[PDB]
């Protein structure tokens, strides 16, 4: 079944350009302490990150945040193929452009505020088509890698000239908003989310299974607690993270 | 409030819809609901279907606030437990401000505002009147000045009697209100205002209590320090005392002490 195909799990490191693996798994896959890896998933897409060692991670799982998660167009549970890519060299010049619905209200030098401190000696491996998120200035601004000189993939060095043409782009169909809800936007509900997820994981991710198997899944789940805990926030997070449809009834 | 409940069942929700609709277009704006208690007392007084539907209409409108449209909804009531708890939900009426009756300083401040147009005499001491209005609200103090003004009126041009649609200014400018006029107003049955739990700052110092310097410094360590030196308590790690019990024979200034220590901290 190829020991290089792993499953995307929740992330401990919320950094955009990091993929956490277990110690014995990197010994089987021949990965180093900073080797740029290449991820492949559904809808035929690629992404480049940096592999690190995670003690809390399991052998058959890989930790990654919603940024890398959305770039591969996959959800928690999908299959991805990781492989070593040592032919990735440094970048020269990189032309990137921001999204219109994430700059509404602010203007000026975006390079000095967001871009420069973000790539400040971080050596972040970006690729043409990737959509990364930079937080700062008490908000969040999304950028999409339009074109890089060392096509397709290259590493952003602190000497690499970063160009900003200043032209807002349209929002594509399958591009889920990173401003929306997710499992990484709710806290305090540890065991709550633990119970909730494993109750609605299988029936939502594979309806075919339950229509084939003679096992009854829970139909109705009730949420207790005082107002203000974020009841609605939890529910919408599951739907946005499982890809399932969401219809609210006030 | 009653304006909405006066409209027939159906036109009621229409007016509420039009209210938010008209105010949202005129942004920025402030939507003020008067007698909210008459609209949403959803507990035991929610007896019927018509009432519940009206409340929900407002609830939808409260949630219907798109936020980017800049309107703020204010309301008033007699007491917190009059309003429907569904409106207390953190997302609609989230901020709450308790505006109880004014204190001694409060009533004094109000009296000057209601007497800003009338010619007060020299013997008139508004500070004195504010202190002896044991349980008076803003409106009752107004009626106090009004009935006292009528007393000052029924002694001047009343003897002259000028039946006209316009009073001369020289006659009115010369008119003044005496301290006795305020005495007569207080003497009547009209200062009978509602009396509640009075929360005020004691106008009594330590000088009303002879000696006992030991309990003074003791009390200061208990209340003055954890407010004027909160950093010091965190420096040493100890936790402030939550209370003290006064014991002894009656009429030794136990009440006076408790007031005096609040006076030192200038607290309520």
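Throughout, chain B uses Swiss-Prot numbering, with the displayed residues spanning 271-538 in order.
Method of determination (from the header): X-ray crystallography, 4.2 Å.
Heads up, the Cβ atoms here are built off N, Cα and C, so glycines get one too.
If you look up Swiss-Prot, you'll see B:521, B:522, B:523, B:524, B:525, B:526 marked as ATP 2 binding site. Classification of residue B:523 (ATP 2 binding site) by DSSP places it in coil, neither helical nor stranded.
Summarising the annotation, Swiss-Prot assigns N6,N6,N6-trimethyllysine to B:315 and lists experimental evidence as the type of evidence. Cβ environment of residue B:315 (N6,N6,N6-trimethyllysine): no same-chain residue six or more positions apart lies under 8 Å away.
The phosphothreonine annotation in Swiss-Prot covers B:436 and is backed by a large-scale study or a structure entry. Cβ environment of residue B:436 (phosphothreonine): no same-chain residue six or more positions apart lies under 8 Å away. In the three-state DSSP assignment, the secondary structure recorded for residue B:436 (phosphothreonine) is coil.
Per Swiss-Prot, the feature phosphoserine maps to B:462; the stated evidence is a large-scale study or a structure entry. For residue B:462 (phosphoserine), the number of other Cβ atoms no farther than 10 Å from its own Cβ, over all displayed protein chains, is 10.
In the three-state DSSP scheme, residue B:502 (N6-acetyllysine) is classed as helix. Residues or ranges marked as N6-acetyllysine in Swiss-Prot (evidence: similarity to another entry): B:502 (among others).
The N6-acetyllysine annotation in Swiss-Prot covers B:505 (among others) and rests on similarity to another entry. Cβ contacts within 10 Å of residue B:505 (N6-acetyllysine), excluding its own Cβ and spanning all protein chains shown: 9.
Between the CA atoms of residue B:523 (ATP 2 binding site) and residue B:462 (phosphoserine) there is a gap of 30 Å. Taking the mean position of the Cβ atoms of B:521, B:522, B:523, B:524, B:525, B:526 as the ATP 2 site, the remaining same-chain residues with a Cβ inside 8 Å of that point are B:479, B:520, B:527. All protein chains included, residue B:526 (ATP 2 binding site) registers 16 other Cβ atoms within 10 Å of its own Cβ.
Under the three-state DSSP scheme, residue B:315 (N6,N6,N6-trimethyllysine) falls in the coil class.
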